[PDB]
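K.L.:
So that we are looking at the same thing, I have put the structure below in structure tokens.
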Amino acid sequence: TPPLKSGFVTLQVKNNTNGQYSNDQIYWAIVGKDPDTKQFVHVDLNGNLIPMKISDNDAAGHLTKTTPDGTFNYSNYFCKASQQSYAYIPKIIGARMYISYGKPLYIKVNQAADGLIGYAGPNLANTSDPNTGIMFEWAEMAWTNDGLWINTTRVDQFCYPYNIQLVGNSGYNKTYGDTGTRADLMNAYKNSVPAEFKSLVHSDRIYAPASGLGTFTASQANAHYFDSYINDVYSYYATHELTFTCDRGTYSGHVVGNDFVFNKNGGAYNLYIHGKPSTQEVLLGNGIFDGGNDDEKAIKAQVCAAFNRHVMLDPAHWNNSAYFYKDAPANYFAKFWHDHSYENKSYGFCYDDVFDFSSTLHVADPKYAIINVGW
């Protein structure tokens, strides 16, 4: 059991790199938002939520990096595992625990357009990003009035294998994440996926399809990978009903013009997906899959996930993974991580938590988590 503090959850980093890196070569930082002020914060070594300030980029002990675009200073919220191998968190929202190997990440504190002080994490779509080539992952978490959620994520990348064990105060004990070594997973990926997905592999990480240097963005070779399937599905549901049931109730939809219109529990059809999705919107879960009331949000989540899983024409089996990824186009990147994880639980794309297939761990009364970082 990691060290505990009354009123906190402990996140313990465990070094499973089998000698590739020492604890003196592992760096962690937690960034997120204060639940009350919504200010962006970093967590200090005692669990305090310290507000980010633009001046942190230049303060004592800051980082500096020369990229092809210039020389810059960055904040330094990171801590070596050898200094302290665990973190305390209080209630917190939208949090990420970045864990990097060899050197800390370069995080630039800024101001977002909406007026508030924020930070820029790695943007690996930019080859001049200061973090290019660095071995890192992050855990995502939030601890609210309703309990704690924590997860690994392959939504943007696979860099190194990691998994999380979440332990509750009163019985909950689960472990979700990658299985296998980095070398074996890299090699297996290349041999497994269809041709369109193979070059997502780089020496440092595998990019998700439309993330970073991924080839499924609008400007790349596979920009239209899902288009024909999307077309078939919208054409089909112009004259057939898409009917599905989840916890929220039973929804039924049909395509009217370019909209996908649903009702709820047999009511009027007034719940909209506005438009027909692009390949990027399927892969990323954004665009027309963003916004709306709570019903529209849940509907958009299900439809996006069903596109990625290639089951839009089989709503009865949206909850049954035996039917997922059975024909192209599908998110074969996502499917790979499911095929290489505990209980096939993985965040392989944004909405993978539809019908609980994601790596999300959750409990009302969290005690601690172990973050197992490997190689």
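Ordering of the structure tokens sets the chain letters (A, B, ...), residue numbers begin anew at 1 in every chain, and ligands are numbered from 1 in the order given.
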Can you list, as JSON, numbers by chain, all residues belonging to segment 101-350 of chain A that DSSP tags as strand (DSSP E)?

P.N.:
{"A": [101, 108, 109, 110, 111, 117, 118, 119, 120, 136, 137, 138, 139, 140, 141, 142, 143, 144, 147, 148, 149, 150, 151, 157, 158, 162, 163, 164, 165, 166, 167, 168, 173, 174, 175, 176, 177, 206, 207, 242, 243, 244, 245, 246, 249, 250, 251, 252, 253, 254, 255, 256, 259, 260, 261, 262, 263, 264, 271, 272, 273]}

K.L.:
Run DSSP on the backbone and grab whatever in segment 169-275 of chain A lands in helix (DSSP H, G or I); send it over as an NGL selection string.

P.N.:
:A and (182-192 or 195-198 or 227-236)

K.L.:
Near residue 287 of chain A, counting only C-alpha atoms, which residues have an atom at most 9 Å away, once you skip same-chain residues fewer than 4 positions from it, shown as a PDB file with N, CA and C atoms, in the first residue's frame?

P.N.:
```
ATOM      1  N   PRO A 277     -21.341  12.954 -41.162  1.00  0.00           N
ATOM      2  CA  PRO A 277     -19.961  13.086 -40.660  1.00  0.00           C
ATOM      3  C   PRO A 277     -18.872  12.859 -41.711  1.00  0.00           C
ATOM      4  N   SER A 278     -17.742  13.539 -41.541  1.00  0.00           N
ATOM      5  CA  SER A 278     -16.548  13.231 -42.303  1.00  0.00           C
ATOM      6  C   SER A 278     -15.842  12.039 -41.676  1.00  0.00           C
ATOM      7  N   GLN A 280     -12.913  12.305 -40.527  1.00  0.00           N
ATOM      8  CA  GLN A 280     -12.232  12.865 -39.359  1.00  0.00           C
ATOM      9  C   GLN A 280     -13.184  12.947 -38.177  1.00  0.00           C
ATOM     10  N   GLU A 281     -14.444  13.285 -38.432  1.00  0.00           N
ATOM     11  CA  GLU A 281     -15.397  13.392 -37.343  1.00  0.00           C
ATOM     12  C   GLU A 281     -15.690  12.030 -36.714  1.00  0.00           C
ATOM     13  N   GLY A 291     -21.656  18.791 -29.053  1.00  0.00           N
ATOM     14  CA  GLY A 291     -22.765  19.676 -28.736  1.00  0.00           C
ATOM     15  C   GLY A 291     -24.094  18.971 -28.568  1.00  0.00           C
TER      16      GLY A 291
END
```

K.L.:
Please identify all polymer residues within 6 Å of segment 306-312 of chain A, counting only C-alpha atoms, omitting same-chain residues fewer than 5 positions from it, and present them as a PyMOL selection string.

P.N.:
chain A and resi 324-325+330-331

K.L.:
Fewer than 4 positions away in the same chain doesn't count, so skip those; otherwise give me all residues within 7 Å of segment 15-31 of chain A, counting only C-alpha atoms, as an MDAnalysis selection string.

P.N.:
chainID A and resid 41:43 77:82 95:104 372:375

K.L.:
Got a sec: who's within 10 Å of segment 197-204 of chain A, counting only C-alpha atoms, leaving out chain neighbours fewer than 2 positions off, as an MDAnalysis selection string?

P.N.:
chainID A and resid 132:136 157:160 186:187 189:195 206:216 222 331:333

K.L.:
Would you mind reading off the distance between atom CA of residue 313 of chain A and atom CA of residue 282 of chain A, one decimal, in Å?

P.N.:
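Between atom CA of residue 313 of chain A and atom CA of residue 282 of chain A the gap is 15.4 Å.
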
K.L.:
Pick out the residues sitting within 10 Å of residue 72 of chain A, and hand them over as a count of residues only; count only C-alpha atoms, and ignore anything fewer than 6 positions along from it in its own chain.

P.N.:
9

K.L.:
Nearest to residue 116 of chain A: which of A:363, A:54, A:60, A:4 is it, counting only C-alpha atoms?

P.N.:
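Residue with the minimum atom-to-atom distance to residue 116 of chain A: A:54.
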
K.L.:
For atom CA of residue 149 of chain A and atom CA of residue 51 of chain A, quote the distance in Å rounded to one decimal.

P.N.:
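So the two atoms, atom CA of residue 149 of chain A and atom CA of residue 51 of chain A, lie 22.3 Å apart.
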
K.L.:
What is the distance between atom CA of residue 168 of chain A and atom CA of residue 368 of chain A, in Å to one decimal?

P.N.:
6.9 Å
